[PDB]
Amino acid sequence: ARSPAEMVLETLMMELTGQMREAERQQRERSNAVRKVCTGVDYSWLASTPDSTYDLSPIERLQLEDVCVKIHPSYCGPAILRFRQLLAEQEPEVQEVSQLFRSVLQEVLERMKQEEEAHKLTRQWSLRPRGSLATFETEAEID
């Protein structure tokens, strides 16, 4: 049994991945549509205009992971839907995927985070992380 936060992680890191990969294909098709491509061609960083690079490095992972865990379980759903329909509105692109992914995530984070802190602080007299321990701990199996 994994934590709800992990489920969110998978959901966002999965959407990001499928769209990152799909976006890479789209850009390739774009290049082949214009042709001129001999053997291969730079994505957008070797000789084109980079500025931002698509790379989910350890820190990038952590940034986003920290964001995902700060996301409400059921709020992930809309967040996902929004990302998909937004990306589709702007068309696939690995540069856009990454920038839009962090953009929306940070946007939704700023709002939702404020709600978290505001609600927990005001209801600090009703704090309760766990309910009770039960037989499930005796039969939780091993991973």
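- Method-wise, the PDB entry is recorded as coming from solution NMR.

**Side note on unusual backbone geometry**
Here is step 1: Although it is not a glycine, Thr39 sits at a positive phi angle of roughly 75°.
Here is step 2: By the element assignment, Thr39 lies in the loop between α1 (4-34) and α2 (58-69).
Here is step 3: The exposure class of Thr39 is exposed, given its relative accessible area of 91%.
Here is step 4: Of note, the phi angle at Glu141 is positive, near 65°, even though the residue is not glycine.
Here is step 5: Within the element layout of this structure, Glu141 appears in the segment after α4 (94-122).
Here is step 6: With a relative accessible area of 76%, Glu141 lands in the exposed category.

**Topic: α1**
Along an α-helix, a turn takes 3.6 residues, which lines up residues three or four apart on a common side.
Here is step 1: Spanning 31 residues, α1 covers 45 Å between terminal C-alpha atoms, matching the ideal 45 Å at 1.5 Å per step.
Here is step 2: Restricting attention to buried positions, one finds in α1 the residues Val8, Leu9, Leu12, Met13, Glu15, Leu16, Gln19, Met20, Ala23 and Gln27.
Here is step 3: On its buried face, α1 is in contact with α2, α3 (76-90) and α4.
Here is step 4: Among the residues trailing α1, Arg35 stands out with phi positive, at a value near 65°.

The rules behind the values
Residues numbered from 1 in each chain as written, not as in the entry; some residues may be left out. Heavy atoms only, no water. Helix = DSSP H or I, 4+ residues; strand = E, 2+ residues; numbered from the N terminus. Buried < 20%, exposed > 50% of the residue type's maximum accessible area, 1.4 Å probe, protein only. Expected span 1.5 Å × (residues − 1). Contact = heavy atoms within 4.5 Å.

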